[PDB]
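Sequences listed follow chains W and F, in order. Take the first sequence: its letters are residues 6 to 218, numbered as in our numbering. Take the second sequence: its letters are residues 10 to 228, numbered as in our numbering. Positions of the beta carbon are idealized from the N, C-alpha and C atoms, including for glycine. Below is one structure; the comments refer to it alone.
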Amino acid sequence: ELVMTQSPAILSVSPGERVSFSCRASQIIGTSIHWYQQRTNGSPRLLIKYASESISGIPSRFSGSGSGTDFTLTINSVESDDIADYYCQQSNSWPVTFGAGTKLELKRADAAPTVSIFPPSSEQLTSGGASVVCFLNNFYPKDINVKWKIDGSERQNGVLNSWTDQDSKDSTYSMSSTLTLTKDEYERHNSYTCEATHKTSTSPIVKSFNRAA
Amino acid sequence: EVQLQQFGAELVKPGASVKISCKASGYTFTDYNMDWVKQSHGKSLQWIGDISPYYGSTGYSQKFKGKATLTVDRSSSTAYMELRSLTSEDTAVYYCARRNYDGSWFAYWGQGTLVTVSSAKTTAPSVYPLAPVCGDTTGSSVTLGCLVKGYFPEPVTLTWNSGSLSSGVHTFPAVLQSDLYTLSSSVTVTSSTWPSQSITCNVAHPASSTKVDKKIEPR
């Protein structure tokens with residue numbers, strides 16, 4: 006099948022900017038590429054057909070170009086409502102295939118995460134479980150890594166992560182990570198650490214506690 | 010106006026099958042194939058297959074051939090997709106879509122049906138207070154939280170101080186793991202505000218008729 010690679014995977018933009026992104030096919034497909042927008046919680050919406058052809062009801066901001074293997078979607082004068090995912094799709098050969106998308110987000114200044122760690126509540130322990138929670142709040146850019154360590158050893162099982170969408174007020178991101186053990190398991194170790202790395206991190210951010218301080 | 014009507018969501022058990030429908034209006038059902046597309050959470054669009062409503066003939070991507078079976082009911086202008094032997098990898102949004110005249114691009118889309126795979130029955134959350142570890146009151150702000158763990162199905166509602174504390178809150182999307190959902194929420198306040206002033210997590214889970222007010226107490 007025909008592979009479509011889109012780039013960049015994420016593009017940080019400001020309203021009013023002119024921005025462009027790429028869809029590259031693994032073989033020549035003429036002009037048989039089509040572009041879709043998909044807003045959060047929305048269905049895909051065709052913007053451009055056959056590489057460059059306009060679609061009724063789509064603003065003139067959107068324009069497509071290219072032919073052969075290399076295709077480009079350009080948004081002249083980005084607007085806030087253009088913050089969305091964009092996919093390309095080819096119709097040269099059966100089966101149709103799609104690119105993996107370019108995501109637009111809003112640019113803002115770097116912001117280091119505020120990291121907080123929380124030992125299991127007495128209520129949960131009494132019931133036989135032990136969740137340790139780590140919040141990493143109000144950071145930018147969106148990419149972040151979190152490691153859990155128990156007595157200095159990395160632990161990957163028993164972890165559940167959740168990420169918020171970009172905040173509509175300050176354009177930051179936040180993250181929750183929860184490590185869940187049994188009470189008995191929890192009581193076999195002393196140190197618990199949530200360690201974060203980020204663009205802003207000169208040293209990894211370390212939040213920890215001992216059950217025996 | 011063309012319409013491809015899909016239900017918002019379906020819930021199915023692992024190992025079972027589920028049959029999703031897409032009802033077409035505003036055009037002649039047998040003039041066009043019906044296509045189907047999968048989109049896993051946070052991921053891209055994947056073509057599943059298509060069907061000719063007049064002839065019943067079908068085509069499938071190799072990835073989904075055999076996982077998906079497409080049918081139609083001409084008399085109800087309805088296309089169906091049956092997913093077989095469900096696993097958690099099948100939890101995703103499934104769109105129907107209809108191409109343009111020449112079958113090149115996707116002219117119309119359904120809203121997509123979220124298919125959730127879980128063996129759970131209705132289960133009340135355990136709501137746990139998240140208080141800071143003592144000693145390091147640090148300086149400036151303090152962050153508290155609420156952990157809403159092991160419930161099913163969605164949704165829950167979570168507020169702080171009955172909705173009066175709304176700034177400095179992050180309520181995180183729920184995550185499904187081992188058949189149950191877990192959700193958390195943080196709230197951040199000036200450090201002189203707490204624990205001198207009370208902060209409470211209010212959690213409701215309508216499906217189980219659960220309502221809990223958990224005060225966050227220093228530990």
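For residue i, the residue or residues it bridges with in DSSP
| i | result |
| --- | --- |
| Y160 (chain F) | F:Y190 |
| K224 (chain F) | F:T209 |
| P134 (chain F) | DSSP lists no partner for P134 (chain F). |
| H214 (chain F) | F:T219 |
| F16 (chain F) | DSSP, once it has assigned bridges, lists no residue as partnering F16 (chain F). |
| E200 (chain W) | W:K152, W:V211 |
| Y89 (chain F) | F:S30, F:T80 |
| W40 (chain W) | W:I53, W:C93 |
| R107 (chain F) | F:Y117 |
| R23 (chain W) | W:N81 |
| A116 (chain W) | W:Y145 |
Chain W contact for residue i (CB, 8 angstroms cutoff)
| i | result |
| --- | --- |
| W169 (chain F) | no |
| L139 (chain F) | yes |
| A25 (chain F) | no |
| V124 (chain F) | no |
| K28 (chain F) | no |
| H179 (chain F) | yes |
| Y104 (chain F) | yes |
| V184 (chain F) | yes |
| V198 (chain F) | no |
| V142 (chain F) | yes |
| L189 (chain F) | no |
| residue 243 (chain F) | A query on residue 243 (chain F) cannot be resolved here, the shown segment of chain F reaching from 10 to 228 and no further. |
| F115 (chain F) | yes |
Reference residue i, options the options, closest by Cα
| i | options | result |
| --- | --- | --- |
| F115 (chain F) | W:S37, W:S17, W:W153 | W:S37 |
| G112 (chain F) | F:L20, F:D40, F:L167 | F:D40 |
| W40 (chain W) | W:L16, W:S19, W:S68, W:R23 | W:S68 |
| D145 (chain F) | W:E190, W:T102, W:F214 | W:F214 |
| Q12 (chain F) | W:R23, W:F26, W:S48 | W:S48 |
| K174 (chain W) | W:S31, W:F144, W:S96, W:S182 | W:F144 |
| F103 (chain W) | W:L51, W:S158, W:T185, W:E159 | W:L51 |
| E110 (chain W) | W:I33, W:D90, W:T131, W:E159 | W:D90 |
| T169 (chain W) | W:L184, W:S158, W:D148 | W:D148 |
| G172 (chain F) | F:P164, F:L192, F:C210 | F:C210 |
| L139 (chain F) | W:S127, W:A117, W:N142 | W:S127 |
DSSP-derived helix/strand/coil call for residue i
| i | result |
| --- | --- |
| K212 (chain W) | strand |
| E190 (chain W) | helix |
| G172 (chain F) | helix |
| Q161 (chain W) | coil |
| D156 (chain W) | coil |
| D75 (chain W) | strand |
| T78 (chain F) | strand |
| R83 (chain F) | helix |
| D87 (chain W) | helix |
| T39 (chain F) | helix |
| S132 (chain W) | helix |
| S97 (chain F) | helix |
| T202 (chain F) | helix |
| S181 (chain W) | strand |
| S61 (chain W) | coil |
| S167 (chain W) | strand |
| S66 (chain F) | coil |
| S17 (chain W) | strand |
| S127 (chain W) | helix |
| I33 (chain W) | coil |
Any C-beta of chain F under 8 angstroms from that of residue i
| i | result |
| --- | --- |
| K54 (chain W) | yes |
| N142 (chain W) | yes |
| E128 (chain W) | yes |
| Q171 (chain W) | no |
| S167 (chain W) | yes |
| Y92 (chain W) | yes |
| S37 (chain W) | yes |
| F103 (chain W) | yes |
| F26 (chain W) | no |
| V138 (chain W) | yes |
| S31 (chain W) | no |
| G106 (chain W) | yes |
| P209 (chain W) | no |
| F76 (chain W) | no |
| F214 (chain W) | yes |
Contact test: residue i Cβ vs the ligand ADP heavy atom, cutoff 7 angstroms
| i | result |
| --- | --- |
| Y103 (chain F) | By its list of ligands, the structure shown contains no ligand whatsoever, and the ligand ADP lies outside what it can speak to. |
| field | the region 148 to 162 of chain F in contact with the region 190 to 201 of chain F per 3-pair CB rule at 8 angstroms | value | yes
| query | Is there contact here, the region 19 to 31 of chain F with the region 47 to 64 of chain F, by at least three beta-carbon pairs under 8 angstroms? | reply | no
| request: Flag this pair as touching only if the region 122 to 135 of chain W and the region 162 to 172 of chain W have three or more C-beta atom pairs under 8 angstroms; answer yes or no. | output: no
| Would the region 182 to 201 of chain W and the region 126 to 139 of chain W be scored as touching if the rule is three or more Cβ pairs under 8 angstroms? | yes
| task | State whether the region 200 to 220 of chain F contacts the region 176 to 183 of chain F, with contact taken as three or more CB pairs (one from each stretch) at a distance under 8 angstroms. | result | no
| Is the number of C-beta pairs between the region 11 to 28 of chain W and the region 70 to 84 of chain W that are closer than 8 angstroms three or more? | yes
| said: Could you check whether the region 116 to 133 of chain F touches the region 91 to 101 of chain W, counting it as contact only if at least three pairs of C-beta atoms, one from each stretch, sit closer than 8 angstroms? | reply: no
| said: Measuring CB atoms only, is the region 31 to 47 of chain F touching the region 101 to 110 of chain F, in the sense that at least three cross pairs come out at less than 8 angstroms? | reply: yes
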